[PDB]
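Geometric and topological summary
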Amino acid sequence: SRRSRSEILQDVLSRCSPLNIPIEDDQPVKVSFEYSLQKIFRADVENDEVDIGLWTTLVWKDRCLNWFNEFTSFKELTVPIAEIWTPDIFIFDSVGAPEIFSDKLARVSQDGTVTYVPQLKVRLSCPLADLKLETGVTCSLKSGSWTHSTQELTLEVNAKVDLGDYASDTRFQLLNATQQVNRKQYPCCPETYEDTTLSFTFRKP
Amino acid sequence: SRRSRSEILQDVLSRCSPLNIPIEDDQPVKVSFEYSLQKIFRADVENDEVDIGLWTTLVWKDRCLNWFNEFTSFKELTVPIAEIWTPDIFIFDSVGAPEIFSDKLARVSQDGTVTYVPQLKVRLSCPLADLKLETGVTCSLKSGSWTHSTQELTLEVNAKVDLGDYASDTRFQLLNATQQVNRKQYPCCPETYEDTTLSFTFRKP
Amino acid sequence: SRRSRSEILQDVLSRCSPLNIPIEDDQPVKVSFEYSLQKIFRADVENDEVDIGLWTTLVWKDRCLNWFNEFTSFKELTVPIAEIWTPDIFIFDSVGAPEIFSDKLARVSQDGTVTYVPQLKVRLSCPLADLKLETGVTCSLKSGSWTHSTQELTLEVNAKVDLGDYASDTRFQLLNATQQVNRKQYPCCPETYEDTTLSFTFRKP
Amino acid sequence: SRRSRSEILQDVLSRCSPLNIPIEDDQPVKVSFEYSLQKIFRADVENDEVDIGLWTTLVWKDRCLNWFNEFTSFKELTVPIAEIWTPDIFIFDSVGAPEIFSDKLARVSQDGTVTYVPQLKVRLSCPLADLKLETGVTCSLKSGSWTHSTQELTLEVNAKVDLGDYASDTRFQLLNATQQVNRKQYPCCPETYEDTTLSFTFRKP
Amino acid sequence: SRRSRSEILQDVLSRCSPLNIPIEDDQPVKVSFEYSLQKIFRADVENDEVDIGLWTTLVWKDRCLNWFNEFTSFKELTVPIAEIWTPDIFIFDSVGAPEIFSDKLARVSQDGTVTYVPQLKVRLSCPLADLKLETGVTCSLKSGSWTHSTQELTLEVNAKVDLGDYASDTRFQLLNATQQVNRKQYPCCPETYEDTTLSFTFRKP
Amino acid sequence: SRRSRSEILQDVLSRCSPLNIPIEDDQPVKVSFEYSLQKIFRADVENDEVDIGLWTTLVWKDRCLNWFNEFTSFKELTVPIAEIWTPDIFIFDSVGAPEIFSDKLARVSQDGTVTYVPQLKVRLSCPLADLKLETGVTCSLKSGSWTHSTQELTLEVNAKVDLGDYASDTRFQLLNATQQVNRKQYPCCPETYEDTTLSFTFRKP
Amino acid sequence: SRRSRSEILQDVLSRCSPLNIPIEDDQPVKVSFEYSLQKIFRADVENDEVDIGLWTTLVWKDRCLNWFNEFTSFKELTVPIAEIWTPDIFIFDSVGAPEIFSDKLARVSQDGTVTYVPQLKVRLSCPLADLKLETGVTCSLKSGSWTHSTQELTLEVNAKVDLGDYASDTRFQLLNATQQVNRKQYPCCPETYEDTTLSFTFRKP
Amino acid sequence: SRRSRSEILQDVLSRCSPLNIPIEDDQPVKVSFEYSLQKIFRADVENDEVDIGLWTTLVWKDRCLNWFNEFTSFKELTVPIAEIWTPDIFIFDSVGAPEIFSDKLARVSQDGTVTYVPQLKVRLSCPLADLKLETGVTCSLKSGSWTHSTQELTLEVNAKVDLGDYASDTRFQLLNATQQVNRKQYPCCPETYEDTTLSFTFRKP
Amino acid sequence: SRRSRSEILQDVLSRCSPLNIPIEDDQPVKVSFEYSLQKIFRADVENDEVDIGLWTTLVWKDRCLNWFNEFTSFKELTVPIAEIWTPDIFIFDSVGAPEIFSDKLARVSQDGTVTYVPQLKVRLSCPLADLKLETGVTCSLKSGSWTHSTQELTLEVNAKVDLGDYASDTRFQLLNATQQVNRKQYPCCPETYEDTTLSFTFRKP
């Protein structure tokens, strides 16, 4: 490949951090979260579980060190997700372990910015009843860091929900996809925790 | 979780749209709106404000792109509302900022259909006077996109109002709950704007 | 602090995941839920709202990667909830946004297990009437993932309700606290959704 | 949606300005201000605070650039207020932070003209005493840019006050609603500052 | 707007400083503080809290760089407070978070001088008892930088207290408003800290 | 300001740590905790909640790096709390989110020592009954890290409770204020957790 | 005046540049030029000189440094033209030194933008002959930097010529006022020089 | 002269300000403007220019510092205008540079008040036609700060126009002299600018 | 602008010479002189003065020092004439002070070469008589250094006179324009002085 690029990955991977938040100063890490709802694959009336094929856009900035002076070189490199720390974002009410559709690869930038987009199929609790009716049905699932409080991780969203990718001839039509950010509390801890509640309204076409 | 599901969310979220209406061709976005009136919590005679505990069923279709070929996989995924674009539906005469009862989660389907159902407590202007009388009292609140004209967003309703969920031993009995769709105009703009007027007639039991 | 511990947090936080369910294979995520009812602070007859001071025990397993070979080192670390994904569990009928009593901190374990316990005050709909009578009164609130169907998130409970912590001289005596798990359906979606219904029977002592 | 409309928003939002006044040449920005007094919700004798439910009509022209040649296309688009710069108009004597009734959406026009109308509940200082008397009571609140002097922002009004929307069975009858524009000075600065004083005379019906 | 003015804000905002005290040489920053007591809105006997509607005049000089040669141009510009560093002045004994009445706008001058005047409602501890008596009652609250010692921030006052703005028909008459500057010490630190003690003597008229 | 001081803050803030515990070697972080009970503002018999106005003295040592050789220069600087990591100390049984009376500023020292003192109003569960009696009433609240075990964070106290600052004419007289340190365990975790239990005995004077 | 504004001017004037182009990077300075033809005062047949009363709109951006953090403050300040660098724009064929009608004041903006508009009377060479005829007469004068080549200074125009201000009962009627931008060369130098040629066609009414 | 007076001028001139607006707090500077029309010297029919011999009364307050304790001493001193800052008031449509009839001396007072009255001959655009008719002719010229917006400088007038000084046997009789204050806007800037329009109606006697 | 260019001007202006002839060795300075006769504006029979609109091409080489090693950078910069020394060339028989039509800007080159071209209107003694006759009339004016002798300044000319620029419809036709160089002596000094005699033969067309 390119030798210049080669040095970059090795320096960051070999020299530049183990799993530890590199930021010493006054910063929580914000992670932008967006959902591209690909398809609502299936509904289970007996189980009251619904399946979503989604990919999640995750963006964050990590502190990286510039060592060897940056010359005009390879600006973004791609690396396996395993190589770097990723956020704990989880669906609060998944019925089953989510499965991963896509390769675990993340693009990293010199500024330290990282973009990771997994594709996933998730089963979440939701009653399908009245899917056939014109009114349709509503489901909600909340995503957010399991462990991190708002102080440690701040979640942000650019927009409501990305319908564009949605499969044209999906079994179910999308009434409205929303991603509203909310902060709430748990009995364990005094700290506020932030999650993104994805509320999807859909019916069978 | 399931890896297959995993790829779905990431692909839609990471790759498939930022806040932008993905539909280039001749389509306004229609959002179906339905109200499930849970309870009329309180009435304030001095203030002339009334409190409703409602959840709002919102359905819309977003355009999503199919990338990796859809195999039989997770059909619906759930995601936080923050992740995706949600409609601006607002109560025209809320006295106070509405508060959110439920997690902000929305189910998305492959066809692009999204179902989001928030639970909310809203304070709206309404005179309680003569609540005790047999005649009861009537209140109306209109919901509809603040910014969007009928051309951008079209609102639709399947039915009048969902009483079934209504709390059995609520302080106030429900004479009739109606959701009539109407379009009206404002001095700012020549365009028609559509709203759903929820007219609730109730009295104390 | 300890350097060994230091590397652990950074590696997991910096390198090891953004909000995305890390589990590709055949697993929904199960989240164990337990309630420790601390106190029934207040009852509002006009409003028909009741206040509970609770802490919620939430447990889940996330997939983490072992990188640097685990030596005998710091087994659990604590981190802000913001740092990691947390489940969307919400009270279905809260009158108001729940407030958080405790710091948002969660202990994480090497196996990937996470324990997060928020302390919360919640206002929920419930008629107080006949609190004084010997029979007392019953209230129920359901907690469960907003968005996630049973397929995505499975909820489990070890036991009925934890009375032990209950304040000795609380205004209201506890007849019986129960947490029964149930799955139900919604018109939005064909999938089953699981929630834990907390049914509390209490009267004034 | 419509692709033609799609390009418009993105071009203006993505390419066409960050928060900076785009007008280089000899122009202050004039903002027309009008008040539609919806209701006088409440009066507090002990506090001497009065509550108004109002919506504020705000109009201004921003300089936008035409890039891709304008064909007959979508003339106005709607967008969230967050997307574009809005004026600092504030009530000089609000007792509390004003709350927002409506969605923050603003219609923008090709000429650059923008119309934004928030709905608000505001608490302002005003003695309610003698509200019952025939004479009634008078209150005044001034709205105007906090920071901007007359040189930077010029405020204009079309008419006195919009009573038409006023709720028919409001607790308080409207004797007269006036919006007189005035310019005044502050000790901080030599520049004239312009505000619109809303003087409302009302009594209980 | 004016292009000349346009360049000014951008140069100062875009090029000329992030939050950092720009002064390298032998200068502490002095901030002049003055209080314009608008009204004593309310007194709470049970709580022993009193409410003041005040605006605070704050003046300071920041070091700015002249770049493009200053021609006769826009001398003061106005900008949101968020854009520039503001002092930490806080009320030592506020019962609650102070709320902001006015827009956060500050006028800046070429010499670097900045004038920021927030309007605020503050709740502070103070016993109301004997408000009715002729003697009246006295309350004191101290304002001053929380973190900054006298070495970092020096506080100055032009005069005692500004009564002129005081509302004519306020519930409470003003016996005397004083702002005396004082320096005192805390156990944490050897450094002197300076605060302005506002002592207000008032009674009901 | 002083250029010498200027370099100090920037070097520590810009270069010297993101949120990560800087101590690699064998050290837990000890945080000294002290309470200065300012006032017992209110008691609520129906709610069984009591309000305390307190400031909390928090001291800890962080590892900082000396870079540019320390000359006789500015020994302590003050900075906003947001800039640096602060401990998670929380009241275990707060009824509501605590509010912050004072500016969030912390003094830092060259040795790495930091002193942060927030002023707070807290509502905690406590029965007021028999406040009037000579015996008075007792309340206890425990403060301590939510997430951190004794291994991660060790809490220490210099003395029992600081009465000196206590308001002379407070509604309630202070029988005795105590801060006893204790370590206890939770079902979640095998580790000991340390908290400071503030036991306050007070009655109405 | 306002202290905040005060600091601004001093910082820019005292600290922020002497006559030197502050822009180090790849930018020529563009200066927008527009003419507002106020009046054609006189024509001299023997001399073949014509007098124009004009004001010239000049806009440019200078690089300014932000030092003291910009808070919401005075956005534009005005200053004498002498204080800052102004462009060398000159009329190529003036018969006499132009005289200045207005005060030399220029508004400057935070972005660095400056707007300077001098009012001037200029005598330029032009034959008046046939002013009485229906055809009228044409004159042209070119304005442009004397010294600066196109590389150093780029001149731009928004529109043709501003007639609106033109005096209603001027001795001479305006057939057409044009400002066409052109670049041309001189024998001294290989570089292109840009000028705005004002071509005015007028006749006696 | 008087030594006491001597110290005064030196202290103010040597110690007490360079060109900078000394007022930090909330004050624009107001400058009162009055015109004493001495004579209409000449009219030029071909040129359409008219000559006025006027003196302008200008009053403003500057902030001065009292240093050496003021004893009963010299209350006003006179000094050359060059010594102190003077306002930029200019005639908007002067044909030529105004010439100065009188010495540039201004009286200053201890309160900081300054009175400066220049005598001037000004040539302004105005058609003389029909001067002989009974109707006479009207001319208008506007005076006002060139650079300063209404926010920076506020202009005020005591009365319409001072005829008393008018030369008895002037070539032209004065029908009416008026000075109306007006504020207007320019395309450069959003801010309002204030000017005094002197409208003089005169005819030949 | 360009930083590279920026350094150039500052180095030459700030570091590289005050008014002093930089050339130590055996060189007089030669200045090339050329005339571009733009127009013969007017003739005055009574006065015997004639007006020429001319621009003068002046070229000279100054010794400049190269400091920072010249990289490929900005080759010529433009600067105000005031910044650098210019030759004393004067018209020997001007009736009045010449006026300057153009901006005083001069282009400088790295070799040290400078090109300055002023535009000027000059009144010189010359009898107009017989301008109407076919023979026409002749006038001569000599330009040359006032103080400098041939030893100090040597004047050179490339050609006779530049007619090309001459205005097409000038009042007077140009028979022949000549610039002959000559050296002559004065009684003051033994040294030869060199001047360029411009002999213009013109008649009315």
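Note that residue numbers begin from 1 in each chain and follow the written sequence, not necessarily the entry's scheme, while residues that lack coordinates are absent from the view. The order in which chains are written sets their letters, starting at A; the order in which ligands are written sets their numbers, starting at 1. Values throughout apply to the part shown, which belongs to a larger assembly of chains. Here the side-chain values reflect all heavy atoms present in the structure, with hydrogen atoms and water set aside.

Going by the header, the method for this PDB entry is cryo-EM, and the resolution given is 6.00 Å.

**Some remarks on the overall build of chain A**
A tally of regular secondary structure across chain A gives one helix and twelve strands. In chain A, the succession of α and β elements from N to C terminus is α-β-β-β-β-β-β-β-β-β-β-β-β. Taken over the C-alpha atoms alone, chain A extends approximately 65 × 45 × 25 Å along its principal axes. Accessible area is worked out with a 1.4 Å probe on protein chains only. A residue is then buried under 20% of its type maximum, exposed over 50%, and partly exposed in between. Counting the 205 residues in chain A, one finds 66% classified as buried. Looking at charge distribution, chain A has the averaged site of its 22 positive side-chain charges lying 6 Å from that of its 30 negative ones. The helix count covers DSSP runs of H or I at least four residues long, the strand count covers runs of E at least two residues long, and both are numbered beginning at the N terminus. Here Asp and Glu are counted as negative and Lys and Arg as positive; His is not counted, and neither are the chain ends. To locate a charge, take atom NZ for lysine, CZ for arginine, CG for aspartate or CD for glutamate.

**What to know about helix 1 (residues 3-15) of chain C**
Over its 13 residues, helix 1 of chain C extends 17 Å from the first C-alpha to the last, a length consistent with the 18 Å expected when each residue adds 1.5 Å. Taken together, the buried positions of helix 1 of chain C are occupied by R5(C), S6(C), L9(C), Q10(C), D11(C), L13(C), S14(C) and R15(C). On its buried face, helix 1 of chain C sits against helix 1 (3-15) of chain A together with strand 3 (76-80) of chain C. One less than the number of residues in a helix, times 1.5 Å, gives the span that helix is expected to have. Residues count as neighbours in contact if any of their non-hydrogen atoms are within 4.5 Å of one another.

**Looking at the sheet that holds strand 9 (residues 137-145) of chain E**
Residues and elements named next belong to chain E. At least two DSSP bridges between two strands are required for those strands to pair. Taken together, the four strands give an open sheet; going across it, the order is 4-9-12-11, and neighbouring strands pair in antiparallel fashion. Edge strands, defined here as strands with exactly one partner in the open sheet, are strand 4 (89-91) and strand 11 (173-186). For this sheet, the mean angle separating the axes of adjacent strands, direction not counted, is 25°. Relative to strand 9, strand 4 runs antiparallel, the two being bridged by three bridges. By the bridge assignment for strand 9, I89 is matched with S145. An axis is simply a line fitted to the C-alpha atoms; with a helix, the fit covers only the stretch in contact. Between two such axes, the angle follows the N-to-C directions and lies from 0 to 180 degrees.

**Here we look at the pairing of strand 11 (residues 173-186) of chain H**
Residue and element names in this part refer to chain H. The sheet contact formed by strand 11 and strand 12 (residues 189-203) spans twelve bridges and is antiparallel. By the bridge assignment, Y186 is partnered in strand 12 with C189. In this structure, the hairpin formed by strand 11 and strand 12 is closed by a connection of two residues.

**A closer look at the state of the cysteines**
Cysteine sulfur atoms that come within 2.5 Å of each other are treated as a disulfide pair. Evaluated as defined, the whole model comprises 20 disulfides over all chains. With its sulfur 2.0 Å from that of its partner, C126(F) forms a disulfide with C139(F). Here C126(F) and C139(F) share a disulfide; its torsion about the S-S bond, -75°, makes the bridge left-handed. One end of the pair, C126(F), is in the loop between strand 8 (119-125) and strand 9 (137-145); the other, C139(F), is in strand 9, and 13 residues separate them in sequence. For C139(F), a relative accessible area of 8% gives the class buried. Sequential numbering of the bridged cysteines in chain A gives the disulfide pattern 1-2, 3-4. Free of any disulfide, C64(E) has its nearest neighbouring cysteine sulfur in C16(E), separated by 3.1 Å. Judged by relative accessible area, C64(E) falls into the buried class, the value being 6%.

**A word on the relation of the copies chain B and chain A**
Its rotation angle being 120°, the transformation that places chain B on chain A also includes 25 Å of axial translation and leaves an RMSD of 0.0 Å. Interface overlap between copies: only 15% of the residues of chain B at the interface are likewise at the interface in chain A, consistent with a contact formed by different surfaces. Their C-alpha atoms serve as the basis for the least-squares superposition of the copies.

**Describing the interface of chain A and chain F**
Think of interface size as the accessible area that goes away when the parts come together; that is how it is often given. Contacts between the two partners involve 15 residues from chain A, matched on the other side by 16 residues from chain F. Here's the idea: put two parts together, see how much 1.4 Å probe accessible area each one loses, and the total over both is what we call buried area. Considering only the side of chain A, the residues that lose the most area to chain F are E24(A), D25(A) and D26(A), jointly responsible for 48% of the buried surface there. Any carboxyl oxygen of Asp or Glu that lies within 4 Å of a side-chain nitrogen of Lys or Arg is treated as forming a salt bridge with it. Connecting chain A to chain F are zero salt bridges. Here a polar contact is taken to be a pair of N or O atoms separated by no more than 3.5 Å, where protein atoms must pair a possible hydrogen donor with a possible acceptor and residues adjacent in sequence count only if both atoms sit in side chains. For the interface between chain A and chain F, the tally reads nine residue pairs in polar contact. Under the convention adopted here, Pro, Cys and the residues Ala, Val, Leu, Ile, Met, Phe, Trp and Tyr are nonpolar, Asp, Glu, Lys and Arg are charged, and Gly plus all remaining residues are polar. Tallied by class, the residues present in the side of chain A that touches chain F amount to eight nonpolar, two polar and five charged.

**Examining the sheet that holds strand 12 (residues 189-203) of chain G**
All names here are of chain G. Spatial ordering of the open sheet is given by 4-9-12-11, a layout of four strands whose pairing is antiparallel. With one partner strand each, in any of the chains shown, strand 4 (89-91) and strand 11 (173-186) form the two edges of the open sheet. Pairs of neighbouring strands in the sheet enclose a mean axial angle of 25°, with direction left out of account.

**A short note on the side chain of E191(B)**
Take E191(B): it is sitting in strand 12 (residues 189-203). Of the side chains with opposite charge, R107(D) comes closest to the buried, unpaired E191(B), at an N-O distance of 4.1 Å. A polar side-chain atom of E191(B) sits 3.1 Å from a polar atom in the side chain of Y193(B).

**Here we look at the nonpolar core**
Among the buried residues, those of types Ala, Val, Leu, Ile, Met, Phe, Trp, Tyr and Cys that are joined through side-chain atoms within 4.5 Å form a nonpolar core. Core analysis: the largest hydrophobic core is formed by 168 residues, its most contacted members being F202(A), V108(B) and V114(B). In this structure, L174(E), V29(G), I91(G) and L120(G) belong to the second largest nonpolar core, which totals 105 residues.

**A word on the arrangement of the chains**
Over all C-alpha pairs, chain A and chain E never come within contact, reaching a minimum spacing of 13 Å. Of all C-alpha pairs spanning chain F and chain I, none lies closer than 27 Å, and the two are not in contact.

**Considerations on the pattern of salt bridges**
Where charged atoms of side chains with opposite charge meet at close range, the side chains can pair. Counting across every chain of the model gives 109 salt bridges over all chains. As a salt-bridge pair, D48(H) and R171(G) come within 2.2 Å of each other at their nearest N and O atoms. Here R171(G) lies in the loop between strand 10 (153-156) and strand 11 and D48(H) lies in the loop between strand 1 (29-44) and strand 2 (49-61), a pairing that spans two chains.

**Notes on the interface of chain B and chain A**
Facing 75 residues of chain B, the contacting portion of chain A comprises 86 residues. Between chain B and chain A, the buried area comes to about 5,000 Å², and carbon and sulfur atoms account for 55% of it. Counting across the interface, chain B meets chain A through four salt bridges. For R3(B), the salt bridge identified is with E99(A), shortest N-O distance 3.9 Å. Remark: the boundary between chain B and chain A carries 142 residue pairs in polar contact. Put simply, the parts of the chain that give the side of chain B that touches chain A at least two residues each are helix 1 (3-15), strand 1 (29-44), strand 2 (49-61), strand 3 (76-80), strand 6 (105-109) and strand 7 (113-116) of chain B.

**So, the side chain of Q119(D)**
With respect to the helices, strands and loops of the structure, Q119(D) is situated in strand 8 (residues 119-125). One polar contact links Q119(D) to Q38(D), side chain to side chain, over a distance of 2.8 Å. In this structure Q119(D) touches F92(B), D93(B), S94(B), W146(B), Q38(D), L54(D), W55(D), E99(D), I100(D), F101(D) and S102(D), once residues within four positions along its chain are discounted.

**Things to note about the relation of the copies chain A and chain F**
Note on the copies: chain A fits chain F at an RMSD of 0.0 Å, the axial shift is 0.0 Å, and the rotation between them is 120°. Taken together, the turn and the small shift mark the pair as related by a three-fold rotation axis. Nearest to the rotation axis, the C-alpha of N20(A) is located 3.9 Å from it, this being the minimum over chain A. By residue overlap, the copies meet through two different surfaces: only 7% of the interface positions of chain A are interface positions in chain F.

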